[PDB]
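Chemist: Fold the following for me, if possible:
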Amino acid sequence: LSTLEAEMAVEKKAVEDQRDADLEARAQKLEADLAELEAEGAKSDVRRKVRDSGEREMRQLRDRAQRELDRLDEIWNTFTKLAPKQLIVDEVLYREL
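Modeler: Numbers count the residues shown, from 1 in each chain. Dropping the coordinates below:
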C-alpha cells in the first residue's frame, strides 16, 4: 500500500503541476493580447469580449485537469476499499484497475 499510494500521489501531482503550468501560460497569452488591444485604439466592449473569451478558455483547462484528478481519485479509492462482490460498471475504470 505504501509504494502504491506513493506512486499515486506523484501521478496526481504531475497532473497538478501541469494544470498550473498550462494555466499560467494561457494567462500570460491573454495579458499579451490585451496589451495589443490597448496599443491600438480598441472599443471597450471589444477589449472585454477578449477577456471573456480568454477567461472561459481557462475554466476549460482547469475543468479538464479536475476531471483527471477525480478519475485518479476514483481509481485509488476504488482499489483501496476493493472487496469481493463489489460491482464495477465503468469498464474504463475497470480497465485502469
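Chemist: wait, doesn't residue 27 sit right on residue 57?
Modeler: No - using CB atoms under 8 Å, residue 27 makes no contact with residue 57, being 10.3 Å away. C-betas here are computed from N, CA, C, even on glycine.
Chemist: how many neighbours does residue 55 have?
Modeler: Residue 55: 12 surrounding residues under other CB atoms under 10 Å.
Chemist: Which helix or strand contains it?
Modeler: Taking DSSP states H and E as the criterion, residue 55 maps to helix 44-81.
Chemist: for that helix, which positions count as buried?
Modeler: With burial defined by 16 or more other CB atoms under 10 Å, the residues of helix 44-81 counted as buried are 50, 54, 65, 75, 78.
Chemist: ditto for stretch 20-35
Modeler: 26, 30, 34.
Chemist: Just send these back as a markdown table, with distance to residue 2 too.
Modeler: A markdown table is the format used below for the buried residues of stretch 20-35 (distance: CB to CB, whole Å):
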| residue | distance to residue 2 |
| --- | --- |
| 26 | 37 |
| 30 | 43 |
| 34 | 48 |
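Chemist: In helices only, show me those.
Modeler: In this view, those that belong to helices under DSSP state H are 26, 30, 34.
Chemist: Distance check, the most centrally placed residue in the chain against residue 20.
Modeler: If you average the C-alpha coordinates of the chain and look for the closest C-alpha using CA atoms, centre = their mean, you land on residue 65, 1.5 Å from that point. When distances are taken as CB to CB, to the nearest Å, residue 65 and residue 20 turn out to be 9 Å apart.
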